[PDB]
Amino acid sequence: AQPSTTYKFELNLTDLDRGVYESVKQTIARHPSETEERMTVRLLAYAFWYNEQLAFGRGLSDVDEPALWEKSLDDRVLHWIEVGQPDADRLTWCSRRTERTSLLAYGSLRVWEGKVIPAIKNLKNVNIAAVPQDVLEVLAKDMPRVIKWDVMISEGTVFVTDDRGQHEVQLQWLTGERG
């Protein structure tokens, strides 16, 4: 807030790696500081780590919340997901709050990786993959208010079909794994 734009996400997910087949709808609040690219990375994370208990957090608009999280019925964090370029301090402290920490990084990572990767060696179950900028820009550009994606996940590759065709998202793993 504001302009805090409301988007509706309609996801048909066919995840052949996990045997997950769902049609899901989510409402997402887009903070004015959240770019279309950032939101799109959050949507990819949602599909990539889908669970009925996975929810969008307040992301960049609230320092105490992640971009996405999966909580137990007792409100404890099973999975803490960030997007973008959080620093090693944030990863360290958040990772203590959860059994699994994931980051979908994006943007130019040369300076960031050099600072963060050496500093998180001792962290427990932190997993970091980068989204390539070319496909991200294609996916994110001029995002409509109702986002309809068909997503197929096969051999670790994410194929997103939208209104402009089928786009192949090949994540670069920096540390850890999808799980």
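Don't overthink the numbering: it's just position in the shown sequence, from 1.
Requested in this report: Check the entry's C-alpha temperature factors for 1-9 and 169-177, then say which stretch has the higher mean.
Outcome: Looking at the record's C-alpha B-factors, the answer is 1-9.
Query raised in the report: Taking only the CA atoms, which stretch has the higher mean B-factor in the record, 45-53 or 58-66?
Result: Of 58-66 and 45-53, the stretch with the higher C-alpha B-factor average is 58-66.
Query raised in the report: If you check the C-alpha B-factor for each of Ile128, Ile28, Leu136, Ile117 in the entry, which is highest?
Result: Top of the list by C-alpha B-factor: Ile28.
Requested in this report: Please place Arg76 in the lowest, middle or highest third of its chain by C-alpha B factor as given in the entry.
Outcome: Ranked within chain, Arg76 CA B lands in the middle tercile.
Query raised in the report: Which third, lowest, middle or highest, does the CA B-factor of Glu22 fall in along this chain?
Result: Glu22: CA B-factor falls in the highest third of its chain.
Requested in this report: Within this chain's modelled residues, let me know which third the CA B factor of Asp87 belongs to: lowest, middle or highest.
Outcome: CA B-factor rank for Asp87: middle third.
Report task. Please place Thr40 in the lowest, middle or highest third of its chain by C-alpha B factor as given in the entry. Result -> Lowest third, going by the recorded CA B-factors of the chain.
Report task. Consider only the C-alpha atoms of the modelled residues in this chain, order them by B-factor as the entry records it, and name the third containing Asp162: lowest, middle or highest. Result -> Tercile = lowest for this residue's CA B-factor.
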